[PDB]
Structures are given as C-alpha cells and as structure tokens.
>>> print(open('target27.cif').read())   # mmCIF, N, CA, C and O atoms
data_input
#
loop_
_atom_site.label_atom_id
_atom_site.label_comp_id
_atom_site.auth_asym_id
_atom_site.auth_seq_id
_atom_site.Cartn_x
_atom_site.Cartn_y
_atom_site.Cartn_z
N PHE K 1 -7.97 2.45 14.21
CA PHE K 1 -7.09 3.04 13.22
C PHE K 1 -6.51 1.99 12.30
O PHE K 1 -6.80 1.98 11.09
N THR K 2 -5.67 1.12 12.85
CA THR K 2 -5.15 0.01 12.07
C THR K 2 -6.28 -0.95 11.76
O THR K 2 -6.32 -1.54 10.67
N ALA K 3 -7.20 -1.11 12.71
CA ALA K 3 -8.36 -1.97 12.50
C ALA K 3 -9.25 -1.41 11.40
O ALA K 3 -9.73 -2.17 10.55
N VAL K 4 -9.47 -0.10 11.40
CA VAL K 4 -10.30 0.52 10.36
C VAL K 4 -9.70 0.28 8.98
O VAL K 4 -10.41 -0.06 8.03
N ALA K 5 -8.39 0.45 8.86
CA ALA K 5 -7.72 0.21 7.59
C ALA K 5 -7.88 -1.24 7.11
O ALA K 5 -8.07 -1.48 5.91
N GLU K 6 -7.81 -2.21 8.03
CA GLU K 6 -8.02 -3.62 7.67
C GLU K 6 -9.46 -3.88 7.23
O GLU K 6 -9.70 -4.65 6.30
N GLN K 7 -10.40 -3.22 7.89
CA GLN K 7 -11.81 -3.35 7.57
C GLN K 7 -12.11 -2.79 6.18
O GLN K 7 -12.76 -3.44 5.36
N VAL K 8 -11.60 -1.60 5.90
CA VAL K 8 -11.74 -1.03 4.56
C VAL K 8 -11.08 -1.94 3.52
O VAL K 8 -11.64 -2.18 2.45
N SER K 9 -9.89 -2.44 3.82
CA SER K 9 -9.18 -3.30 2.88
C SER K 9 -9.98 -4.56 2.52
O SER K 9 -9.93 -5.02 1.38
N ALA K 10 -10.70 -5.12 3.49
CA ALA K 10 -11.54 -6.30 3.22
C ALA K 10 -12.58 -5.98 2.15
O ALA K 10 -12.81 -6.77 1.23
N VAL K 11 -13.21 -4.80 2.25
CA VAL K 11 -14.18 -4.38 1.24
C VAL K 11 -13.51 -4.12 -0.11
O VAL K 11 -14.03 -4.52 -1.16
N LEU K 12 -12.36 -3.45 -0.10
CA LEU K 12 -11.66 -3.17 -1.35
C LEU K 12 -11.28 -4.47 -2.08
O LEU K 12 -11.32 -4.53 -3.31
N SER K 13 -10.96 -5.51 -1.32
CA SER K 13 -10.65 -6.82 -1.89
C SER K 13 -11.86 -7.41 -2.62
O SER K 13 -11.73 -7.92 -3.74
N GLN K 14 -13.02 -7.35 -1.98
CA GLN K 14 -14.25 -7.85 -2.58
C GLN K 14 -14.53 -7.18 -3.93
O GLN K 14 -15.02 -7.83 -4.85
N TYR K 15 -14.20 -5.90 -4.03
CA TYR K 15 -14.52 -5.13 -5.23
C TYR K 15 -13.36 -4.99 -6.21
O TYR K 15 -13.51 -4.40 -7.29
N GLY K 16 -12.21 -5.57 -5.86
CA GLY K 16 -11.07 -5.54 -6.76
C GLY K 16 -10.43 -4.17 -6.92
O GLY K 16 -9.84 -3.86 -7.96
N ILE K 17 -10.53 -3.34 -5.89
CA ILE K 17 -10.01 -1.98 -5.97
C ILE K 17 -8.56 -1.90 -5.48
O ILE K 17 -8.27 -2.23 -4.33
N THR K 18 -7.66 -1.50 -6.38
CA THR K 18 -6.26 -1.27 -6.04
C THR K 18 -5.79 0.06 -6.63
O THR K 18 -6.56 0.75 -7.30
N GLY K 19 -4.54 0.42 -6.37
CA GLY K 19 -4.00 1.65 -6.90
C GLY K 19 -4.44 2.87 -6.10
O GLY K 19 -4.89 2.74 -4.97
N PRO K 20 -4.29 4.06 -6.70
CA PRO K 20 -4.58 5.34 -6.04
C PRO K 20 -6.00 5.46 -5.50
O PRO K 20 -6.22 6.15 -4.51
N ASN K 21 -6.96 4.79 -6.15
CA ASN K 21 -8.35 4.90 -5.73
C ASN K 21 -8.62 4.32 -4.34
O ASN K 21 -9.62 4.66 -3.70
N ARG K 22 -7.73 3.46 -3.86
CA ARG K 22 -7.91 2.90 -2.52
C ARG K 22 -7.97 4.00 -1.47
O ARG K 22 -8.70 3.90 -0.48
N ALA K 23 -7.19 5.06 -1.70
CA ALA K 23 -7.07 6.16 -0.75
C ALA K 23 -8.39 6.87 -0.51
O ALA K 23 -8.64 7.35 0.60
N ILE K 24 -9.23 6.94 -1.54
CA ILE K 24 -10.57 7.53 -1.41
C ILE K 24 -11.36 6.82 -0.31
O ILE K 24 -11.95 7.45 0.57
N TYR K 25 -11.34 5.50 -0.37
CA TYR K 25 -12.16 4.70 0.54
C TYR K 25 -11.56 4.60 1.94
O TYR K 25 -12.29 4.56 2.93
N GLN K 26 -10.23 4.57 2.03
CA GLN K 26 -9.56 4.59 3.33
C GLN K 26 -9.86 5.91 4.05
O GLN K 26 -10.11 5.92 5.25
N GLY K 27 -9.84 7.01 3.30
CA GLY K 27 -10.15 8.32 3.87
C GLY K 27 -11.59 8.43 4.35
O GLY K 27 -11.86 8.88 5.47
N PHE K 28 -12.52 8.02 3.50
CA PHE K 28 -13.94 7.96 3.86
C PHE K 28 -14.13 7.11 5.11
O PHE K 28 -14.81 7.52 6.06
N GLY K 29 -13.54 5.92 5.12
CA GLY K 29 -13.68 5.02 6.25
C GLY K 29 -13.20 5.60 7.57
O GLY K 29 -13.85 5.46 8.60
N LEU K 30 -12.04 6.26 7.54
CA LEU K 30 -11.50 6.90 8.74
C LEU K 30 -12.45 7.98 9.28
O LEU K 30 -12.66 8.10 10.49
N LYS K 31 -13.01 8.76 8.37
CA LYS K 31 -13.96 9.81 8.77
C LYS K 31 -15.23 9.21 9.39
O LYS K 31 -15.77 9.73 10.37
N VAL K 32 -15.73 8.12 8.81
CA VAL K 32 -16.90 7.45 9.38
C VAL K 32 -16.58 6.91 10.78
O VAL K 32 -17.36 7.09 11.72
N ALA K 33 -15.42 6.27 10.93
CA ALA K 33 -15.02 5.72 12.23
C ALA K 33 -14.89 6.81 13.30
O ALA K 33 -15.37 6.64 14.43
N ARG K 34 -14.26 7.93 12.94
CA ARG K 34 -14.12 9.05 13.88
C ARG K 34 -15.47 9.62 14.29
O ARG K 34 -15.68 9.96 15.46
N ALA K 35 -16.38 9.74 13.33
CA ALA K 35 -17.73 10.23 13.61
C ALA K 35 -18.47 9.28 14.56
O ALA K 35 -19.12 9.73 15.51
N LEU K 36 -18.38 7.98 14.30
CA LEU K 36 -19.01 6.99 15.17
C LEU K 36 -18.46 7.09 16.60
O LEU K 36 -19.22 7.07 17.58
N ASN K 37 -17.15 7.20 16.71
CA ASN K 37 -16.50 7.29 18.02
C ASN K 37 -16.94 8.51 18.80
O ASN K 37 -17.18 8.44 20.01
N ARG K 38 -17.03 9.64 18.11
CA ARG K 38 -17.37 10.90 18.76
C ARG K 38 -18.87 11.04 19.05
O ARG K 38 -19.25 11.44 20.14
N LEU K 39 -19.70 10.69 18.07
CA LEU K 39 -21.14 10.96 18.15
C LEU K 39 -21.98 9.82 18.73
O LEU K 39 -23.05 10.05 19.28
N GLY K 40 -21.50 8.58 18.58
CA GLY K 40 -22.32 7.43 18.93
C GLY K 40 -23.49 7.33 17.97
O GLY K 40 -23.66 8.16 17.08
N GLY K 41 -24.32 6.30 18.16
CA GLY K 41 -25.46 6.10 17.28
C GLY K 41 -26.55 7.15 17.40
O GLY K 41 -26.82 7.67 18.49
N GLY K 42 -27.18 7.47 16.28
CA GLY K 42 -28.28 8.42 16.28
C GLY K 42 -28.37 9.24 15.00
O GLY K 42 -27.53 9.09 14.11
N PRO K 43 -29.39 10.10 14.91
CA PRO K 43 -29.56 10.93 13.71
C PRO K 43 -28.36 11.83 13.39
O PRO K 43 -28.12 12.10 12.21
N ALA K 44 -27.62 12.30 14.39
CA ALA K 44 -26.44 13.12 14.10
C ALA K 44 -25.40 12.33 13.29
O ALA K 44 -24.86 12.83 12.30
N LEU K 45 -25.14 11.10 13.70
CA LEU K 45 -24.19 10.25 12.98
C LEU K 45 -24.70 9.98 11.56
O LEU K 45 -23.92 10.02 10.61
N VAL K 46 -25.99 9.69 11.43
CA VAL K 46 -26.59 9.46 10.11
C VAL K 46 -26.48 10.70 9.21
O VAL K 46 -26.19 10.57 8.01
N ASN K 47 -26.69 11.89 9.77
CA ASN K 47 -26.43 13.13 9.04
C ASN K 47 -25.00 13.17 8.50
O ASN K 47 -24.77 13.42 7.32
N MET K 48 -24.04 12.93 9.39
CA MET K 48 -22.63 12.97 9.03
C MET K 48 -22.31 11.97 7.92
O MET K 48 -21.64 12.31 6.94
N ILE K 49 -22.78 10.74 8.08
CA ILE K 49 -22.51 9.71 7.09
C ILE K 49 -23.15 10.03 5.74
O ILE K 49 -22.50 9.93 4.69
N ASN K 50 -24.42 10.44 5.75
CA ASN K 50 -25.10 10.83 4.52
C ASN K 50 -24.36 11.98 3.81
O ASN K 50 -24.22 11.97 2.58
N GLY K 51 -23.89 12.96 4.58
CA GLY K 51 -23.14 14.08 4.02
C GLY K 51 -21.83 13.64 3.39
O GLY K 51 -21.50 14.05 2.27
N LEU K 52 -21.09 12.79 4.10
CA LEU K 52 -19.81 12.29 3.59
C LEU K 52 -20.01 11.48 2.30
O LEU K 52 -19.23 11.61 1.36
N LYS K 53 -21.05 10.65 2.27
CA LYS K 53 -21.34 9.85 1.07
C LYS K 53 -21.54 10.77 -0.13
O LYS K 53 -20.89 10.61 -1.17
N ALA K 54 -22.44 11.73 0.02
CA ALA K 54 -22.73 12.67 -1.06
C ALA K 54 -21.47 13.42 -1.50
O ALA K 54 -21.22 13.57 -2.70
N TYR K 55 -20.68 13.89 -0.53
CA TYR K 55 -19.45 14.62 -0.85
C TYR K 55 -18.43 13.76 -1.60
O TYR K 55 -17.84 14.22 -2.58
N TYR K 56 -18.23 12.53 -1.15
CA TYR K 56 -17.22 11.67 -1.77
C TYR K 56 -17.64 11.25 -3.18
O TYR K 56 -16.81 11.14 -4.08
N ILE K 57 -18.94 11.04 -3.37
CA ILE K 57 -19.46 10.74 -4.70
C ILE K 57 -19.22 11.92 -5.64
O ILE K 57 -18.73 11.74 -6.76
N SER K 58 -19.52 13.12 -5.16
CA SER K 58 -19.38 14.32 -5.99
C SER K 58 -17.93 14.69 -6.28
O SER K 58 -17.57 14.96 -7.43
N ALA K 59 -17.11 14.71 -5.24
CA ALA K 59 -15.74 15.22 -5.34
C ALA K 59 -14.76 14.22 -5.96
O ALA K 59 -13.81 14.63 -6.64
N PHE K 60 -14.99 12.93 -5.74
CA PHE K 60 -14.01 11.92 -6.15
C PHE K 60 -14.60 10.81 -7.01
O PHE K 60 -13.92 9.81 -7.30
N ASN K 61 -15.85 10.97 -7.43
CA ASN K 61 -16.55 9.92 -8.17
C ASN K 61 -16.50 8.58 -7.43
O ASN K 61 -16.33 7.53 -8.04
N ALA K 62 -16.63 8.63 -6.11
CA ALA K 62 -16.67 7.40 -5.32
C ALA K 62 -17.86 6.52 -5.73
O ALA K 62 -18.92 7.03 -6.10
N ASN K 63 -17.66 5.21 -5.68
CA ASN K 63 -18.71 4.25 -6.00
C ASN K 63 -19.67 4.12 -4.81
O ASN K 63 -19.25 3.72 -3.73
N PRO K 64 -20.95 4.47 -5.00
CA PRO K 64 -21.91 4.47 -3.88
C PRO K 64 -22.07 3.10 -3.23
O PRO K 64 -22.25 3.00 -2.00
N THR K 65 -22.02 2.04 -4.03
CA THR K 65 -22.16 0.68 -3.50
C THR K 65 -21.00 0.36 -2.56
O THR K 65 -21.19 -0.23 -1.49
N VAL K 66 -19.79 0.77 -2.95
CA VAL K 66 -18.61 0.56 -2.12
C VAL K 66 -18.68 1.40 -0.84
O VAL K 66 -18.30 0.92 0.23
N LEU K 67 -19.14 2.64 -0.94
CA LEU K 67 -19.29 3.47 0.27
C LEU K 67 -20.26 2.84 1.26
O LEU K 67 -20.01 2.86 2.47
N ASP K 68 -21.37 2.29 0.77
CA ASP K 68 -22.32 1.57 1.63
C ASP K 68 -21.64 0.38 2.31
O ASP K 68 -21.81 0.15 3.51
N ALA K 69 -20.87 -0.38 1.53
CA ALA K 69 -20.18 -1.56 2.07
C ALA K 69 -19.16 -1.19 3.16
O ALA K 69 -19.03 -1.89 4.17
N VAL K 70 -18.43 -0.10 2.94
CA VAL K 70 -17.48 0.40 3.93
C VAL K 70 -18.21 0.88 5.19
O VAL K 70 -17.78 0.59 6.31
N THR K 71 -19.31 1.60 5.01
CA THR K 71 -20.12 2.04 6.15
C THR K 71 -20.59 0.83 6.96
O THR K 71 -20.55 0.82 8.20
N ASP K 72 -21.01 -0.21 6.25
CA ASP K 72 -21.52 -1.42 6.89
C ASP K 72 -20.47 -2.14 7.74
O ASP K 72 -20.75 -2.57 8.86
N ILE K 73 -19.25 -2.27 7.22
CA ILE K 73 -18.23 -3.05 7.93
C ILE K 73 -17.73 -2.28 9.16
O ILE K 73 -17.31 -2.87 10.15
N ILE K 74 -17.80 -0.95 9.10
CA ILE K 74 -17.36 -0.12 10.22
C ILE K 74 -18.43 0.06 11.31
O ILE K 74 -18.11 -0.03 12.51
N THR K 75 -19.68 0.28 10.91
CA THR K 75 -20.75 0.60 11.86
C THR K 75 -21.74 -0.53 12.14
O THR K 75 -22.45 -0.50 13.15
N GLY K 76 -21.82 -1.50 11.23
CA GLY K 76 -22.80 -2.57 11.34
C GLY K 76 -24.03 -2.41 10.44
O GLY K 76 -24.85 -3.32 10.34
N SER K 77 -24.14 -1.24 9.80
CA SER K 77 -25.27 -0.93 8.92
C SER K 77 -24.76 -0.15 7.70
O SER K 77 -23.90 0.71 7.84
N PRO K 78 -25.28 -0.47 6.50
CA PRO K 78 -24.85 0.22 5.28
C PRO K 78 -25.24 1.69 5.28
O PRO K 78 -24.63 2.49 4.56
N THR K 79 -26.25 2.03 6.08
CA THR K 79 -26.75 3.40 6.11
C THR K 79 -26.45 4.09 7.44
O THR K 79 -26.93 5.20 7.70
N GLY K 80 -25.67 3.41 8.28
CA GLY K 80 -25.15 4.00 9.51
C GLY K 80 -26.02 3.95 10.76
O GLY K 80 -25.72 4.63 11.74
N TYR K 81 -27.09 3.16 10.74
CA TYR K 81 -27.89 2.98 11.95
C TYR K 81 -27.11 2.24 13.02
O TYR K 81 -26.61 1.14 12.79
N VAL K 82 -27.02 2.85 14.19
CA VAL K 82 -26.38 2.25 15.35
C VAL K 82 -27.28 2.50 16.56
O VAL K 82 -27.69 3.64 16.80
N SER K 83 -27.63 1.45 17.28
CA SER K 83 -28.47 1.60 18.46
C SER K 83 -27.69 2.26 19.60
O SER K 83 -27.93 3.42 19.94
#
>>> encode(input="target27.cif", output="structure tokens")
Amino acid sequence: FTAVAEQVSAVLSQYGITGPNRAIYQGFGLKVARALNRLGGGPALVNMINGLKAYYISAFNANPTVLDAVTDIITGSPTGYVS
C-alpha cells in the first residue's frame, strides 16, 4: 500500500508528472497491485492488466508508456508477466 505509492511515485518522478494527474497513476497502480495479490501470475492477471490499461487510456487519457512503466515497477514486467 505505502510501498505501492512509493513505487508509483518513482515512475512519476522519471516522467515529471505532478499535480492532479498523479492520482490517475496512483489509482491504476493500486488496482494492478491488488490484482497481482489476489490472482498471482498468469493469463488472468494479464487479462486484468490489459483491461485496466485500455480503460485508463480511454477514460482519463492516461499515457500508455507511463502505464507500462508503472506495471513494470509493481509486477516486474511492463506487460504483467509473472511466473
């Protein structure tokens, strides 16, 4: 929880993201972390991550490169592969 927020913040720093837009990525990150915790690695988790990416891009104009980077720092892979 607090760790996830620090992990997202590290990515936001790299990309120079501040202000209200930070909340988009903190929210996405928390959802990815919860999915990983509940589902563990596998196609179900990849489904969830792919769905969240598409939704956040559509609904909030999230930056796809940043979403990949957040996925990577939380799961170990930009596309959510976990053994």
>>> resolve_selection(input="target27.cif", expression="the PyMOL selection byres (((chain K and resi 45 and name CA) around 9) and name CA)", output="PyMOL selection string")
chain K and resi 32+35-36+38-44+46-50+80-82
>>> select_by_dssp(input="target27.cif", residues="chain K", states="helix (DSSP H, G or I)", output="ChimeraX atom specification")
/K:2-15,19-39,43-60,64-75
>>> residues_around(input="target27.cif", residues="residue 14 of chain K", least_positions_apart="5", cutoff="10 Å", atoms="only C-alpha atoms", output="PyMOL selection string")
chain K and resi 9+66+69
>>> closest_residue(input="target27.cif", among="K:71, K:58, K:65, K:2", to="residue 29 of chain K", atoms="all atoms listed in the file")
K:71
>>> atom_distance(input="target27.cif", atom1="atom C of residue 76 of chain K", atom2="atom C of residue 55 of chain K")
20.9 Å
>>> residues_around(input="target27.cif", residues="segment 19-28 of chain K", least_positions_apart="3", cutoff="8 Å", atoms="only N, CA, C and O atoms", output="ChimeraX atom specification")
/K:1,4-5,8-9,12,16,31-35,52-53,56,60,62,66-67,70-71
>>> atom_distance(input="target27.cif", atom1="atom O of residue 7 of chain K", atom2="atom CA of residue 59 of chain K")
21.7 Å
>>> atom_distance(input="target27.cif", atom1="atom C of residue 13 of chain K", atom2="atom C of residue 83 of chain K")
28.9 Å
>>> axis_aligned_box(input="target27.cif", around="segment 22-32 of chain K", padding_each_side="4 Å", output="AutoDock Vina command-line options")
--center_x -12.2 --center_y 6.4 --center_z 3.9 --size_x 18.3 --size_y 14.9 --size_z 23.6
>>> closest_residue(input="target27.cif", among="K:37, K:15, K:64, K:6", to="residue 79 of chain K", atoms="only C-alpha atoms")
K:64
>>> decode(input="target27.cif", residues="segment 28-59 of chain K", atoms="N, CA, C and O atoms", output="PDB file, in the first residue's frame")
ATOM      1  N   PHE K  28      -4.403   3.519 -10.821  1.00  0.00           N
ATOM      2  CA  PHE K  28      -4.046   2.399 -11.687  1.00  0.00           C
ATOM      3  C   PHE K  28      -3.097   1.445 -10.965  1.00  0.00           C
ATOM      4  O   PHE K  28      -3.305   0.233 -10.953  1.00  0.00           O
ATOM      5  N   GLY K  29      -2.049   1.996 -10.358  1.00  0.00           N
ATOM      6  CA  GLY K  29      -1.066   1.178  -9.665  1.00  0.00           C
ATOM      7  C   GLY K  29      -1.654   0.339  -8.541  1.00  0.00           C
ATOM      8  O   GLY K  29      -1.322  -0.838  -8.396  1.00  0.00           O
ATOM      9  N   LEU K  30      -2.529   0.941  -7.740  1.00  0.00           N
ATOM     10  CA  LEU K  30      -3.182   0.214  -6.649  1.00  0.00           C
ATOM     11  C   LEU K  30      -4.023  -0.952  -7.180  1.00  0.00           C
ATOM     12  O   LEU K  30      -4.021  -2.053  -6.608  1.00  0.00           O
ATOM     13  N   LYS K  31      -4.734  -0.714  -8.277  1.00  0.00           N
ATOM     14  CA  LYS K  31      -5.542  -1.776  -8.882  1.00  0.00           C
ATOM     15  C   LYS K  31      -4.672  -2.916  -9.424  1.00  0.00           C
ATOM     16  O   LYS K  31      -5.016  -4.094  -9.288  1.00  0.00           O
ATOM     17  N   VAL K  32      -3.539  -2.574 -10.034  1.00  0.00           N
ATOM     18  CA  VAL K  32      -2.617  -3.603 -10.514  1.00  0.00           C
ATOM     19  C   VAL K  32      -2.067  -4.420  -9.335  1.00  0.00           C
ATOM     20  O   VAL K  32      -2.027  -5.653  -9.382  1.00  0.00           O
ATOM     21  N   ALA K  33      -1.664  -3.735  -8.267  1.00  0.00           N
ATOM     22  CA  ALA K  33      -1.125  -4.418  -7.088  1.00  0.00           C
ATOM     23  C   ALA K  33      -2.147  -5.367  -6.454  1.00  0.00           C
ATOM     24  O   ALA K  33      -1.814  -6.505  -6.106  1.00  0.00           O
ATOM     25  N   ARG K  34      -3.386  -4.901  -6.313  1.00  0.00           N
ATOM     26  CA  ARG K  34      -4.454  -5.736  -5.756  1.00  0.00           C
ATOM     27  C   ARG K  34      -4.722  -6.968  -6.618  1.00  0.00           C
ATOM     28  O   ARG K  34      -4.935  -8.068  -6.097  1.00  0.00           O
ATOM     29  N   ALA K  35      -4.723  -6.778  -7.936  1.00  0.00           N
ATOM     30  CA  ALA K  35      -4.912  -7.889  -8.865  1.00  0.00           C
ATOM     31  C   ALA K  35      -3.786  -8.915  -8.738  1.00  0.00           C
ATOM     32  O   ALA K  35      -4.034 -10.121  -8.710  1.00  0.00           O
ATOM     33  N   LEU K  36      -2.545  -8.437  -8.675  1.00  0.00           N
ATOM     34  CA  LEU K  36      -1.399  -9.331  -8.515  1.00  0.00           C
ATOM     35  C   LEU K  36      -1.511 -10.138  -7.217  1.00  0.00           C
ATOM     36  O   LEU K  36      -1.282 -11.355  -7.198  1.00  0.00           O
ATOM     37  N   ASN K  37      -1.876  -9.456  -6.137  1.00  0.00           N
ATOM     38  CA  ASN K  37      -2.003 -10.107  -4.836  1.00  0.00           C
ATOM     39  C   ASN K  37      -3.071 -11.188  -4.835  1.00  0.00           C
ATOM     40  O   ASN K  37      -2.874 -12.271  -4.271  1.00  0.00           O
ATOM     41  N   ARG K  38      -4.201 -10.894  -5.469  1.00  0.00           N
ATOM     42  CA  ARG K  38      -5.327 -11.822  -5.478  1.00  0.00           C
ATOM     43  C   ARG K  38      -5.145 -12.963  -6.479  1.00  0.00           C
ATOM     44  O   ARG K  38      -5.398 -14.123  -6.148  1.00  0.00           O
ATOM     45  N   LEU K  39      -4.698 -12.636  -7.692  1.00  0.00           N
ATOM     46  CA  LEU K  39      -4.671 -13.607  -8.790  1.00  0.00           C
ATOM     47  C   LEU K  39      -3.356 -14.366  -8.949  1.00  0.00           C
ATOM     48  O   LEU K  39      -3.339 -15.488  -9.469  1.00  0.00           O
ATOM     49  N   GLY K  40      -2.254 -13.755  -8.529  1.00  0.00           N
ATOM     50  CA  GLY K  40      -0.947 -14.322  -8.808  1.00  0.00           C
ATOM     51  C   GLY K  40      -0.669 -14.262 -10.301  1.00  0.00           C
ATOM     52  O   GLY K  40      -1.509 -13.802 -11.080  1.00  0.00           O
ATOM     53  N   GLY K  41       0.506 -14.725 -10.709  1.00  0.00           N
ATOM     54  CA  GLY K  41       0.882 -14.690 -12.112  1.00  0.00           C
ATOM     55  C   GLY K  41       0.069 -15.613 -13.005  1.00  0.00           C
ATOM     56  O   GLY K  41      -0.312 -16.716 -12.602  1.00  0.00           O
ATOM     57  N   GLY K  42      -0.185 -15.167 -14.230  1.00  0.00           N
ATOM     58  CA  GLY K  42      -0.897 -15.982 -15.198  1.00  0.00           C
ATOM     59  C   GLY K  42      -1.761 -15.176 -16.148  1.00  0.00           C
ATOM     60  O   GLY K  42      -1.841 -13.948 -16.036  1.00  0.00           O
ATOM     61  N   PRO K  43      -2.414 -15.861 -17.097  1.00  0.00           N
ATOM     62  CA  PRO K  43      -3.257 -15.168 -18.077  1.00  0.00           C
ATOM     63  C   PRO K  43      -4.401 -14.350 -17.450  1.00  0.00           C
ATOM     64  O   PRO K  43      -4.788 -13.328 -18.024  1.00  0.00           O
ATOM     65  N   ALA K  44      -4.939 -14.774 -16.308  1.00  0.00           N
ATOM     66  CA  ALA K  44      -5.995 -13.977 -15.673  1.00  0.00           C
ATOM     67  C   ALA K  44      -5.482 -12.586 -15.269  1.00  0.00           C
ATOM     68  O   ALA K  44      -6.135 -11.571 -15.516  1.00  0.00           O
ATOM     69  N   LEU K  45      -4.302 -12.542 -14.662  1.00  0.00           N
ATOM     70  CA  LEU K  45      -3.697 -11.269 -14.276  1.00  0.00           C
ATOM     71  C   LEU K  45      -3.420 -10.414 -15.515  1.00  0.00           C
ATOM     72  O   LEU K  45      -3.673  -9.211 -15.509  1.00  0.00           O
ATOM     73  N   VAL K  46      -2.897 -11.036 -16.572  1.00  0.00           N
ATOM     74  CA  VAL K  46      -2.633 -10.323 -17.827  1.00  0.00           C
ATOM     75  C   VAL K  46      -3.922  -9.754 -18.440  1.00  0.00           C
ATOM     76  O   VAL K  46      -3.929  -8.628 -18.941  1.00  0.00           O
ATOM     77  N   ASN K  47      -5.012 -10.525 -18.393  1.00  0.00           N
ATOM     78  CA  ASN K  47      -6.324 -10.009 -18.796  1.00  0.00           C
ATOM     79  C   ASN K  47      -6.674  -8.741 -18.017  1.00  0.00           C
ATOM     80  O   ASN K  47      -7.037  -7.715 -18.601  1.00  0.00           O
ATOM     81  N   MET K  48      -6.571  -8.823 -16.695  1.00  0.00           N
ATOM     82  CA  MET K  48      -6.917  -7.701 -15.826  1.00  0.00           C
ATOM     83  C   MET K  48      -6.067  -6.473 -16.144  1.00  0.00           C
ATOM     84  O   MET K  48      -6.590  -5.367 -16.276  1.00  0.00           O
ATOM     85  N   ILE K  49      -4.758  -6.668 -16.269  1.00  0.00           N
ATOM     86  CA  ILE K  49      -3.863  -5.550 -16.552  1.00  0.00           C
ATOM     87  C   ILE K  49      -4.136  -4.933 -17.926  1.00  0.00           C
ATOM     88  O   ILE K  49      -4.234  -3.708 -18.054  1.00  0.00           O
ATOM     89  N   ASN K  50      -4.285  -5.775 -18.947  1.00  0.00           N
ATOM     90  CA  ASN K  50      -4.616  -5.286 -20.282  1.00  0.00           C
ATOM     91  C   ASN K  50      -5.923  -4.478 -20.288  1.00  0.00           C
ATOM     92  O   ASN K  50      -6.017  -3.431 -20.941  1.00  0.00           O
ATOM     93  N   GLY K  51      -6.926  -4.966 -19.561  1.00  0.00           N
ATOM     94  CA  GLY K  51      -8.206  -4.272 -19.456  1.00  0.00           C
ATOM     95  C   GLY K  51      -8.073  -2.918 -18.776  1.00  0.00           C
ATOM     96  O   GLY K  51      -8.609  -1.916 -19.261  1.00  0.00           O
ATOM     97  N   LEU K  52      -7.346  -2.885 -17.661  1.00  0.00           N
ATOM     98  CA  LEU K  52      -7.137  -1.638 -16.923  1.00  0.00           C
ATOM     99  C   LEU K  52      -6.393  -0.615 -17.782  1.00  0.00           C
ATOM    100  O   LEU K  52      -6.732   0.568 -17.776  1.00  0.00           O
ATOM    101  N   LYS K  53      -5.371  -1.068 -18.513  1.00  0.00           N
ATOM    102  CA  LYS K  53      -4.610  -0.166 -19.387  1.00  0.00           C
ATOM    103  C   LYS K  53      -5.540   0.499 -20.396  1.00  0.00           C
ATOM    104  O   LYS K  53      -5.581   1.729 -20.516  1.00  0.00           O
ATOM    105  N   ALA K  54      -6.299  -0.323 -21.117  1.00  0.00           N
ATOM    106  CA  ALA K  54      -7.222   0.191 -22.116  1.00  0.00           C
ATOM    107  C   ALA K  54      -8.238   1.161 -21.495  1.00  0.00           C
ATOM    108  O   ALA K  54      -8.506   2.225 -22.057  1.00  0.00           O
ATOM    109  N   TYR K  55      -8.792   0.797 -20.340  1.00  0.00           N
ATOM    110  CA  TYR K  55      -9.766   1.654 -19.670  1.00  0.00           C
ATOM    111  C   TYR K  55      -9.176   3.002 -19.243  1.00  0.00           C
ATOM    112  O   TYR K  55      -9.800   4.046 -19.443  1.00  0.00           O
ATOM    113  N   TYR K  56      -7.982   2.977 -18.654  1.00  0.00           N
ATOM    114  CA  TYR K  56      -7.373   4.208 -18.157  1.00  0.00           C
ATOM    115  C   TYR K  56      -6.967   5.134 -19.307  1.00  0.00           C
ATOM    116  O   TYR K  56      -7.083   6.359 -19.204  1.00  0.00           O
ATOM    117  N   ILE K  57      -6.519   4.545 -20.409  1.00  0.00           N
ATOM    118  CA  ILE K  57      -6.202   5.321 -21.602  1.00  0.00           C
ATOM    119  C   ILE K  57      -7.464   6.004 -22.129  1.00  0.00           C
ATOM    120  O   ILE K  57      -7.459   7.202 -22.426  1.00  0.00           O
ATOM    121  N   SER K  58      -8.552   5.246 -22.219  1.00  0.00           N
ATOM    122  CA  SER K  58      -9.806   5.774 -22.761  1.00  0.00           C
ATOM    123  C   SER K  58     -10.470   6.809 -21.856  1.00  0.00           C
ATOM    124  O   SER K  58     -10.877   7.880 -22.316  1.00  0.00           O
ATOM    125  N   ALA K  59     -10.588   6.481 -20.574  1.00  0.00           N
ATOM    126  CA  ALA K  59     -11.359   7.292 -19.637  1.00  0.00           C
ATOM    127  C   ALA K  59     -10.620   8.533 -19.144  1.00  0.00           C
ATOM    128  O   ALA K  59     -11.245   9.560 -18.867  1.00  0.00           O
TER     129      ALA K  59
END
